[PDB]
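Spelled out, the chains give:
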Amino acid sequence: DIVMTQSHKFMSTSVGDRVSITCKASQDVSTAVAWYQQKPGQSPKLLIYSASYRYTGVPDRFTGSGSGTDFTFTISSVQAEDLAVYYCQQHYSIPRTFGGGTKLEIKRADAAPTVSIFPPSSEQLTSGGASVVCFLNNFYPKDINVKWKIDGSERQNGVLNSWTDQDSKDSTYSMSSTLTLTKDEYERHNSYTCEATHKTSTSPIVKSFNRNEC
Amino acid sequence: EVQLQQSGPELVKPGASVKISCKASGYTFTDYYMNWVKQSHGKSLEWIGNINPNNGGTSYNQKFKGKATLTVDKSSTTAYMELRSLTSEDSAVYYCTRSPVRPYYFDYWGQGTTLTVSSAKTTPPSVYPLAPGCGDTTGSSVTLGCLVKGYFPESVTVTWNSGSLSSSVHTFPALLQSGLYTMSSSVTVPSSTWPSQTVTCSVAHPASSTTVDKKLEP
Amino acid sequence: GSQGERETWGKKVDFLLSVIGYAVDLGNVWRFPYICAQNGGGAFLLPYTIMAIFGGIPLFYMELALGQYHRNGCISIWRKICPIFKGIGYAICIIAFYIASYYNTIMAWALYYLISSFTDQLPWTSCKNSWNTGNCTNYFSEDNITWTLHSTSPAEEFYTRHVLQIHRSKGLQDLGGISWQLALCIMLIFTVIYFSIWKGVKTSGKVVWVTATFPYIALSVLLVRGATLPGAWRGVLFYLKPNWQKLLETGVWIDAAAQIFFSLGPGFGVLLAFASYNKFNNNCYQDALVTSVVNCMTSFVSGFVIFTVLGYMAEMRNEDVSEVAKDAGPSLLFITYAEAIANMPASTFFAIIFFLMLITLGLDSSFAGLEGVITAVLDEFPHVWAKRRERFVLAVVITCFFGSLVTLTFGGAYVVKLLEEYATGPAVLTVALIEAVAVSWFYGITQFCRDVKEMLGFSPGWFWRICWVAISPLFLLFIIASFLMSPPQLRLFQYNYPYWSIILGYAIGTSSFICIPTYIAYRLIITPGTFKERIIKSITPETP
Ligand SMILES: CC(C)CCC[C@@H](C)[C@H]1CC[C@H]2[C@@H]3CC=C4C[C@@H](O)CC[C@]4(C)[C@H]3CC[C@]12C
Ligand SMILES: CN[C@H]1CC[C@@H](c2ccc(Cl)c(Cl)c2)c2ccccc21
Ligand SMILES: *[C@@H]1O[C@H](CO)[C@@H](O)[C@H](O)[C@H]1NC(C)=O
Ligand SMILES: *[C@@H]1O[C@H](CO)[C@@H](O)[C@H](O)[C@H]1NC(C)=O
Ligand SMILES: [Cl-]
Ligand code: NA
Ligand code: NA
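Residues numbered from 1 in each chain as written, not as in the entry; some residues may be left out. Chains lettered and ligands numbered in written order. Heavy atoms only, no water. Residues with missing side-chain atoms left out of burial classes, pairs and counts.

As deposited, the entry is annotated with X-ray crystallography as its determination method and 4.046 Å as its resolution.

Draft legend 1. Summary view of the coordination of the sodium ion (ligand 6). Residue and element names in this part refer to chain C. Surrounding the sodium ion (ligand 6) are the protein donor atoms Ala23 (O), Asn28 (OD1), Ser263 (O) and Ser263 (OG), at 1.8 to 2.8 Å. Between the donor residues of the sodium ion (ligand 6), the gaps in sequence give the motif A-x4-N-x234-S. Placement of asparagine 28 in helix α2 (residues 26–37) and of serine 263 in helix α11 (residues 251–264) is noted, with a sequence separation of 235 residues between them. Each member of the pair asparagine 28 and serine 263 is classed as buried. (Donors = N, O, S within 2.8 Å, 3.2 Å for Na, K, Ca; no water. Helix = DSSP H or I, 4+ residues; strand = E, 2+ residues; numbered from the N terminus. Buried < 20%, exposed > 50% of the residue type's maximum accessible area, 1.4 Å probe, protein only.)

Draft legend 2. Spatial organisation of empty space enclosed by the protein. Residue and element names in this part refer to chain C. Empty space within the largest cavity amounts to approximately 140 Å³. For the largest cavity, the lining is made up of 13 residues, of which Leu66, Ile77, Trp78, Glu435 and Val439 are closest to its centre. When contributions to the lining of the largest cavity are tallied by element, the ones reaching two or more residues are α3 (45–70), α4 (76–79) and α18 (412–442). It is α3 that provides the largest number of residues to the lining of the largest cavity, a total of 3 residues. Residues of the lining of the largest cavity, tallied by class, amount to 9 nonpolar, 2 polar and 2 charged. The space that makes up the second largest cavity amounts to roughly 60 Å³. Lining of the second largest cavity is provided by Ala65, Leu66, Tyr69, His70, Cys284, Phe448, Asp451, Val452, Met455 and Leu456. Looking at the lining of the second largest cavity residue by residue, the class counts come to 8 nonpolar, 1 polar and 1 charged. (1 Å grid on protein atoms, 1.4 Å probe; cavity = no way out; pocket = protein on both sides within 12 Å on 5 of 7 lines; lining within 4 Å. Points joined across faces, edges and corners; volume = space filled by probe spheres on them. Nonpolar A, V, L, I, M, F, W, Y, C, P; charged D, E, K, R; others polar.)

Draft legend 3. Local environment of helix α20 (residues 462–485) of chain C. Residues and elements named next belong to chain C. For α20, built from 24 residues, the straight-helix expectation of 34 Å at 1.5 Å per residue is met to within 8% by its first-to-last C-alpha distance of 33 Å. Within α20, the axis deviates most sharply at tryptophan 468, by approximately 50°. Taken together, the buried positions of α20 are occupied by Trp464, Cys467, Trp468, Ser472, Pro473, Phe475, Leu476, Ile479, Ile480, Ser482 and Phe483. Against α3, α11, α13 (285–316), α18 and α19 (445–455) lie the buried residues of α20. (Expected span 1.5 Å × (residues − 1). Bend = angle between axes of the 7 residues up to and from the residue. Contact = heavy atoms within 4.5 Å.)

Draft legend 4. Seen up close, the state of the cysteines. Summed over the entire model, instances satisfying the criterion amount to 6 disulfides over all chains. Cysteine 214 of chain A shares a disulfide with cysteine 134 of chain B; S-S distance 2.0 Å. Taking the sign of the S-S torsion, about 105° here, the bridge from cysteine 214 of chain A to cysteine 134 of chain B comes out right-handed. Highlighted residues: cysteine 214 of chain A in the segment after β17 (205–209) and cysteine 134 of chain B in the loop between β12 (126–130) and β13 (141–151), drawn from two different chains. Classification of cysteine 214 of chain A as partly exposed rests on a relative accessible area of 39%. (Disulfide = S-S within 2.5 Å.)

Draft legend 5. Quick peek at the interface of chain A and chain B. Contact residues are listed per partner, giving 39 residues for chain A and 39 residues for chain B. Counting each side, the surface lost to burial between chain A and chain B is near 3400 Å², with a carbon and sulfur contribution of 63%. Where chain A meets chain B, there are 1 salt bridge. Of the charged contacts in the structure, one is a salt bridge between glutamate 123 of chain A and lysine 214 of chain B, with a shortest N-O distance of 3.6 Å. (Buried area = accessible area lost by both parts, 1.4 Å probe. Salt bridge = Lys/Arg side-chain N within 4 Å of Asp/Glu carboxyl O.)

Draft legend 6. Broad picture of the coordination of the sodium ion (ligand 7). All names here are of chain C. Looking at the sodium ion (ligand 7), one finds its protein donor set to be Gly21 (O), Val24 (O), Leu361 (O), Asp364 (OD) and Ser365 (OG), positioned 2.2 to 2.6 Å from the metal centre. One chain supplies every donor for the sodium ion (ligand 7), spaced along it as G-x2-V-x336-L-x2-D-S. Of this pair, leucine 361 and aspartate 364 both sit in helix α16 (residues 347–380), 3 residues apart, which is roughly one turn of the helix. Each member of the pair, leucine 361 as well as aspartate 364, carries the same accessibility label: buried.

Draft legend 7. View of the side chain of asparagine 295 of chain C. All names here are of chain C. Of note, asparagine 295 is situated in helix α13. At a separation of 3.1 Å, a polar atom in the side chain of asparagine 295 contacts the side chain of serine 263. Contact partners of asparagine 295, with chain neighbours within four places excluded, come to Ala23, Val24, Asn28, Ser263 and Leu264. (Polar contact = N/O pair within 3.5 Å; in protein donor to acceptor, adjacent residues only side chain to side chain.)

Draft legend 8. How the structure looks around the domain arrangement of chain B. Residues and elements named next belong to chain B. Assigned domains within chain B: domain 1 (1–119) and domain 2 (120–215). At the interface, 6 residues of domain 1 touch 8 residues of domain 2. When the two sides are added together, the surface that domain 1 and domain 2 hide from each other amounts to roughly 540 Å², 62% of it contributed by carbon and sulfur. Counting every contact that joins domain 1 to domain 2 gives 0 salt bridges. Connecting domain 1 to domain 2 are 1 residue pair in polar contact. A breakdown of the residues in the side of domain 1 that touches domain 2 according to their chemical character gives 2 nonpolar, 4 polar and no charged. (Domains from an automatic or database assignment.)

Draft legend 9. Inspection of the pairing of strand β12 (residues 145–149) of chain A at higher detail. Residue and element names in this part refer to chain A. Taking every second residue as pointing to the same face, the buried face of β12 carries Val146 and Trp148, while none of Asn145, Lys147 and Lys149 on the other face is buried. By the bridge criterion, 5 bridges tie β12 to strand β16 (residues 192–197) in an arrangement that is antiparallel. Of the residues in β16, the one forming a bridge with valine 146 is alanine 196. Summarising the sheet, β12 and strand β13 (residues 154–155) pair through 2 bridges and their orientation is antiparallel. (Pairing = 2+ DSSP bridges.)

Draft legend 10. Highlighting the sheet that holds strand β16 (residues 180–190) of chain B. All names here are of chain B. A sheet is described by the order of its strands in space; here 4 strands give the open sequence β12-β13-β16-β15, paired in antiparallel fashion. The two strands at the open ends of the sheet, each matched to only one other strand, are β12 and β15 (169–177). Strand-to-strand twist in this sheet, taken as the mean axis angle between neighbours without regard to direction, amounts to 15°. As judged from the 7 bridges shared by β15 and β16, these two strands associate in the antiparallel manner. Looking at β16, one finds that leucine 175 is bridged to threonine 182. (Axes fitted to C-alpha atoms, helices over the stretch in contact; angles between N-to-C directions.)

Draft legend 11. Highlighting the site of ligand 2. Residues and elements named next belong to chain C. Taken together, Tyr22, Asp25, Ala96, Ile99, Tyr103, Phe262, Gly265, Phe268, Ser365 and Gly369 make up the full set of residues adjacent to ligand 2. Within the contact set of ligand 2, a nitrogen atom lies 3.0 Å away from a backbone nitrogen or oxygen of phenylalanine 262. Considered on its own, ligand 2 offers 460 Å² of accessible surface; in the complex 92% of this is hidden by protein. Sorting the residues of the shell around ligand 2 by element identifies α5 (87–114) and α16 as the ones contributing at least two each. With 3 residues, the top contributor of residues to the shell around ligand 2 is α5. (Near = heavy atom within 4 Å. Areas by Shrake-Rupley, 256 points an atom, 1.4 Å probe, with all protein chains shown as cover.)

The structure is reproduced here in structure tokens:
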């Protein structure tokens, strides 16, 4: 069989820069390499076939080069909607194999994470539970600290951090910190507070609310 | 134009079998090879095998010999793939993709089929609204959201007012714990449409076929 | 008086090239490269020689010795050894007729391709012809083309729809009628063999000079041509890449044994007849040794001649020579290789010499093919025959033409497969086993070593005695049992043969050797007295 090796699992680039992804094959391939684009949540889409040739319905900014074992997929002007995982695949010998995949992440300027805390709704108090939610929207980069505070004490149990994939419009990450608690414990504390530490500013953003019917 | 419509998600117990369809349209069905590519969660693409629609000329991979069985129907231009002896590794997203004979590229793909091989019971999602407090300062934009707790498998869809509008909706990936998933969604809408108009989040669960709609109330 | 002694050959080199020319044929050129490529690659060289050293060479030498010692035909030689096995001499005859029913028609195709290779623009290059369909897509056309399940190439179209004309038949069921072009071609071939056989070994010994030396020249030209083609290393890599795990499969050994048996061709009566016309004190050991070792070497270089061109073809397309060399039949030569030649400079030249090479590959072998039978019949019915040789040779050539009319049909290629794989093979292997047993276990191997010791002056080594006693009969037995245990499922040109095809193959197969058991019963039922006395007077040779 054939082993299509993509050494760089992740590559960083900016909007407008020239980015090139490499693909290493096992044996000599001549000009039998296809490049597919898979956006997060969509099916793969064929972009290049036979090393350099573009498929119908593919912008001119996507090119291809190489002749032998090492091949290169080049993007001239990177757009915000070009955020996807790129795969290379040989199409000469049976079976047809694929590469590891190179998730092309977009590098941009820093953004302040809008933090928004939310009290457990009445439908959940009716069911018998209460989860305080802390949303962190529109920031960059991905690295960001989230600290919880029930009543001034750093709460650490029952916290789940969920990072989304990068955005395809403004290239800003978003995450959700969840503090899941019981109703009995929720009705014994009043003002919850979640704070977030990012690199945009040294002072962590602090959000607080009261249980007494807001 | 060229459309390949597969079947919906499937939740099956380990050891059973599952068949996935692939309805083709927009091209001469008897002209192109029909292929099946397996994509694992977080892994790369993995070509399973192809089939010639004219006579059912299958060509499997040595790694899938005896694992997958490809069939085809010319009367309705629809391909099928059956998987037996299902394990945890088979829980992945499967595609069916069109391909010529030479050069052997995959020009058109299907939307995919989320397969979950587990014995966990199909749990209906608990939809709890995540409304901003009544003591917050209404600025130029308010951030709303809805919460989905406890469901299996990863088959859930959270929409906002029938998809209008959703120019600021952030959906957070589901997290698995104690055999049940939990996710959340949010939406940033201006202060000149809330709480004046009606903003309602819809939570659909195709695995349990349960659609619960909850309206946000401050 | 009258005849008395028989004639003898005109020169050592003539018989040395006659046997080499008979041994080398189409299969040496294309069957050995394919079977070597798909069964371990270069590692197929290892069992191919073992089946030669232990199986092929002993049968070749033992047949050439018996032939040069007894100087009798394929039929009359059994009267002087084991009369009950005289039916063998008849069986082979029938066998030959089946082979001659198709082996020439193949050449006919090449001939029809050769007479079609004199144009400045080769017919199988463009699609604007009278036989191409709307699926025909060729090169020197708009680039970007993508092949479709229904798309076809001008070469495949030219073979399928013009010369072979196989689209006009639905299979073995409906194959008529006959193509007059290939009938005239096979008539020209039966004429070029007529004037090369009718005079006896004199013309087949003068014509062999050309028929046996031309293929090496043509192979040389194609070799130095294909080595210069870009990307030809891929075909050589696929030809010689060792895959030793294939050697673990018990199948590749059977493939090698069968391949070296036909290619060597013992047991057919050709070597018997060719050896019959020679000096009694002439050496046989060196002759057999050299000829066989050349026959193998020639196959070995032919492998390069094919795979360099197929490597270039994989470079022009997209690699994995196995993909471009999937079909193991005449299509590998008449379509693939031809399409590769058409895209080269001096295409007319390499086409003329290629098809001419094919014809010259075939001619020497059918020369011999008929020579053995003619010798057998003339030696079995003396003075009732030999009144003229041209009469019998004509009756055979004509008989082969009428026997080839079934193959000259539109679905003639279907019949070719049926005849080539289900009929001749298992019967030739069977009669070869019977002959090897009769000479080794009935006439006596000690007396055989005494006859060689009389002719050559020295008794054969223990390696050969132990080969004839046990190694060779088990060598044929393995192939026969392997075939009979699982006959291959026949398929040709997207057409699977019906399930009853094997019955037809066995009918053709069984109708060939009905004479050996019915002749054993005939002589056993004609000779009076007890069955022990009849089989004792039937197994022991005539005393005077
Ligand atoms: C040469 C002679 C002795 C061989 C005869 C053997 C007979 C029994 C064999 C030879 C050819 C065979 C036939 C080949 C063709 C067909 C047509 C098919 O639609 C039904 C099977 C049928 C009818 C086969 C039946 C069996 C068959 C008739
Ligand atoms: C015997 N070895 C070659 C010689 C030519 C050819 C052949 C063999 C015997 C004969 Cl009577 C004829 Cl006319 C032609 C042949 C056919 C099938 C397998 C091998 C062979
Ligand atoms: C090649 O062929 C396809 C037809 O399937 C066509 O649509 C495409 O435009 C052609 N050219 C390229 C550069 O892909
Ligand atoms: C092309 O071939 C297909 C079958 O291979 C056939 O059905 C079709 O009619 C052919 N096209 C033309 C124009 O003859
Ligand atoms: Cl050989
Ligand atoms: Na041979
Ligand atoms: Na020959």
